[PDB]
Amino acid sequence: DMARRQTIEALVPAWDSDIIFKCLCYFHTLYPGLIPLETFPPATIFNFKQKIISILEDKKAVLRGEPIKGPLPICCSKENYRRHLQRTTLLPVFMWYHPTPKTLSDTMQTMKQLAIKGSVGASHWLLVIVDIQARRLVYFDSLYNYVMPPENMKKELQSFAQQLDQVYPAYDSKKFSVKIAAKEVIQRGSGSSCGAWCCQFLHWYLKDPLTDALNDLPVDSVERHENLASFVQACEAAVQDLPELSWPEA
């Protein structure tokens, strides 16, 4: 078991905001509907909702031929960002979480220090997929209930979905739906592999937006991380020669 954790940790080490971002850039070249939202800084539980609303309002503005009002990304040109906003059908909203800070501002501070220190601590990567095309919010927590009970997150996301219906109405009456992805702890036996898990789940979702991959995981915790290790190795080889901190063309 000490052996088991030591190997699960060795198999899949923590992913930082850069490898996640390079991964998103790469995923966009595979799936052009994915907009590679920056992870520097990522969203938080305290503002992921307004960030999503802001992105969708800018998407509406671009579709109308109008100026955008929301913030520009750091590593993207204005014009390429408008082209991504025009094109995108899926927002990969990575969220950085930690139980300690209880506000946005505190979260950003806690975030900053741990970066200069260089520590993972009890910080956690969450992923909210905003699938514009299917009108689906998917919430993925590789630790299952690290923020709150999933039944709670579902209710909170259902009310958020209701305002996304107002902000970003469909042609028809179709309402945003929500999916809580994980129904057990995915990250079994690791306290580090969340970032990789988020990207693996995102990739499975890009391949099949009705993916049951989580339900088809092997029961064994080491086998899960062996498979995840292979994915990680594939991602690192694929982004090896891709540009640092530079959005791909829409």
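In case it trips you up, residue 1 is the first one in the sequence shown, and so on.
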* To do: Averaging only over Cα atoms, indicate whether 241 to 249 or 3 to 11 has the higher B-factor in the PDB entry.
  => 3 to 11
* Asked: Which of the two stretches, 44 to 52 or 201 to 209, shows the higher mean Cα temperature factor in the record?
  -> 44 to 52
* Could you say which of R83, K179, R135, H98 has its CA atom at the highest B factor, as listed in the PDB entry? => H98
* Criterion, highest CA B-factor; candidates, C75, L104, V130, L126 -> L104
* Chain thirds of CA B-factor: placement of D141 -> middle
* Going by the recorded CA B-factors, say which third of the chain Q109 sits in, lowest, middle or highest. => highest
* To do: Could you tell me which third, lowest, middle or highest, the C-alpha B-factor of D58 occupies within its chain?
  => lowest
* Asked: In terms of the CA temperature factor given in the entry, to which third of its chain does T29 belong: lowest, middle or highest?
  -> lowest
* Entry-reported Cα temperature factor of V93, expressed as the chain third it lands in -> lowest
